[PDB]
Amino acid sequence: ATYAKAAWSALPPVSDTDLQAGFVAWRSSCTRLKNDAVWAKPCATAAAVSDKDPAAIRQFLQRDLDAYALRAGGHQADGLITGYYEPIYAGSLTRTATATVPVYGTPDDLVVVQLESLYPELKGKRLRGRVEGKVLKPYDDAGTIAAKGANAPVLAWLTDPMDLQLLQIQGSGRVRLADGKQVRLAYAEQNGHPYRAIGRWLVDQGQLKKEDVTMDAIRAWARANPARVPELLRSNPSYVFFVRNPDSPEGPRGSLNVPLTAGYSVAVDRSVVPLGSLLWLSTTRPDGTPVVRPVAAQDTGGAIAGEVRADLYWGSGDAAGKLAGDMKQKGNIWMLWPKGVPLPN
């Protein structure tokens, strides 16, 4: 990927609504770049800037920053904008006859093995176990936690084991309670067993074809095969544990551990685009509505290779999920950069 300087007048205009929202989402991450190489003084400048003055935003941007078009190879500046979202699942604080699937916090008999300093070849492996006598042995796999429960507090109860599996894959989500209040859940720990996507088990068993395996297809197969749902979820021996964040309307936290804003946060390649960077996005919704806005690189998703890419966070819930799933849009991306500073490799 290459950076190609662009005049402020070459970028597409944005409405005042989008300029401010995208500025507010981007400055939202300033509290965590107070001592960042490149963004601290921009932020300090921005901290002074109002957020209800478009003229004052444009001043700050065009005065303090440069713009660079993101180009890859062959398609050049024309890239691909996909989408992602935070799911919301029906559930309860308490077991009922409809909500029987427990979501567990971290067990305190779960021991994290931490021997990387003696054996570097262990980094990235998530080794965990239970200590019985003088031996650290494998922790309970997923199948065993589904049958017998966990030695851990229950943070919430879901209505469908398939909702638990998806929640454990994504690492965060909200639980909708009956009184409309919501529970914030995020990754905390893992049983130490290697992940094995249930999709792959559906291919080997001869139930789907590698190209047919979507989320919507696994869900359809499960609903068609209620007897086999336990076998299916057992095939992934890995089991994820959660923490419950304070109740809040903020969006989930991403890799920058800043609450994502719906419509104004993106997942990028951290190399090509440093986390915290301000971007300019021109693309469309699946229905063709122009999407032209500043957006903040506040999360990670970058396997960039021969074509520009970013993932746009569209919010939480089923409709955000539907919007995010249909996102396959041609788009252009500019990275904004503080003027003096040299850009990154």
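Quick note: we count residues from 1 along the sequence shown, nothing fancier.
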Fill in the blank from the handout: Comparing 296-304 with 278-286, the higher average Cα temperature factor in the PDB entry belongs to 296-304
Exercise for the section: Look up the CA B-factors in the entry and say which stretch, 251-259 or 90-98, has the higher mean. Expected result: 251-259
Handout entry: Top Cα B factor in the deposited entry, candidates 271, 265, 106, 238
Key = 271
Handout entry: Residue selected from 130, 174, 209, 148 by maximal Cα B factor
Key = 209
Completion exercise
Entry-reported C-alpha B-factor of residue 343 relative to its chain, by third, is highest
Handout entry: Third assignment of residue 124 from its chain's C-alpha B-factors
Key = highest
Handout entry: Ranked against its chain, the third holding the CA B-factor of residue 165
Key = lowest
Fill in the blank from the handout: Quick tally, chain-level thirds of C-alpha B-factors: residue 334 sits in the lowest
Problem - Where the record places residue 4 (Cα B-factor, split into thirds across the chain) - result: middle
